[PDB]
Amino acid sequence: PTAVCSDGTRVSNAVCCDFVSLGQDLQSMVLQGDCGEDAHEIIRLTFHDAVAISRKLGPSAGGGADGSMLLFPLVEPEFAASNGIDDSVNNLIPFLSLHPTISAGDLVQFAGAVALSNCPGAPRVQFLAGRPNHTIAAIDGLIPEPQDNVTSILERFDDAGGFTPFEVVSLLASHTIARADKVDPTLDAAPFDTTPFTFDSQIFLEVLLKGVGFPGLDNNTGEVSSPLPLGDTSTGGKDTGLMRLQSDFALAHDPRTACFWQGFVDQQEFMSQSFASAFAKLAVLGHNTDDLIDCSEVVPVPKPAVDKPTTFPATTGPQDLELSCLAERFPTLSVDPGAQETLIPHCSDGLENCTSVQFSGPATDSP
């Protein structure tokens, strides 16, 4: 039967109401209403948790979106492909005891939904509840890495959950709010687009620009040349230059994915809706949705899309594009004014001094 929650929210099932206080606590204690570092790491964790499942290897290889990262924090977070996931894992573990009626699998996906809601332009994603509270650790080798080629990436996603090439590119819209801490051992928080706190299509445009240098070292595994490599970190600042992943470049130019990649450029609603649909599928890997309950109403309403059009960043323009898609013309877009590269802020407030919540915990990392 229907019910009304603590905060006035009408739900299809009263058990959804347990998520209201969880959302409040996730925000007050970790996310702080921001599309910042902790939000981004938690969104990354939804993927590392969910994708560790394999049709061909069978259920013993991994249970998908099952909270295995939180329940066995000494196993999967320490596999090489998940280096750095310890931060999100350690931030979420305390909520397991604070909200004991909510399974680890549900906690991971709900935290991701809440984190996304903090990012202007992100969709209000579906949230189904009821993932069982027990599982076992997945095997190693199920998480794509940035040095992987498109055939490998597409096969891994198909084997995980039957994702199509369009759905894979749609999921990679997440790199609009993504940065790298481990790819380059000399850089922290190297952003993948010029607006890492805005859920927009800048990532799609900016990967199509010609690379001209590197924000740090020039020979990291999984990294390729960036169109906007400079930052202020050589003088002690925290505004790291833009980084490009090999996998994003590869997706942008492969015949199976290039038109889907370009198709999101300056198509905000299409991008956000496409991400939402693919992400809802990701969030329930390892489950029959018949066995879950719809609690979508308790996902917060996201911050609205920004007013700003999609544009070329300062010092770039259409002459710098490397295009691969014959089926759709790249749209005419304005160029941001400026004679030098604009520093990409380290913080959503435009400054460099922001700090993030980090709980201590059992998961670890390396360099």
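Numbering starts at 1 and follows the sequence shown.
> For the stretches 36-44 and 296-304, which has the higher mean C-alpha B-factor as given in the deposited record?
Replying inline: Mean B over CA atoms: larger for 296-304.
>> Tell me which stretch, 125-133 or 107-115, has the higher mean Cα B-factor listed in the entry.
In response: So the stretch with the higher mean C-alpha B-factor is 125-133.
>> Looking at the C-alpha B-factor values in the deposited entry, which of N91, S274, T164, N220 comes out highest?
In response: The listed residue with the largest C-alpha B-factor is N220.
> Out of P185, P120, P255, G263, which one has a C-alpha B factor higher than all the others in the entry?
Replying inline: The record points to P185.
> Would the CA B-factor of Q27 place it in the lowest, middle or highest third of its chain?
Replying inline: Answer is lowest: the recorded C-alpha B-factor places it there.
> Considering only modelled residues of the same chain, in which third does the CA B-factor of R179 rank: lowest, middle or highest?
Replying inline: Within its chain, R179 is a lowest-third residue by C-alpha B-factor, going by the deposited values.
>> By the recorded C-alpha temperature factor, relative to the other modelled residues in its chain, which third is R244 in?
In response: Within its chain, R244 is a lowest-third residue by C-alpha B-factor, going by the deposited values.
> What third of its chain, lowest, middle or highest, does the C-alpha temperature factor of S170 fall into?
Replying inline: It belongs to the lowest third of the chain when residues are ordered by C-alpha B-factor.
> Split the chain's modelled residues into thirds by Cα B-factor; is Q267 in the lowest, middle or highest one?
Replying inline: Lowest third, going by the recorded CA B-factors of the chain.
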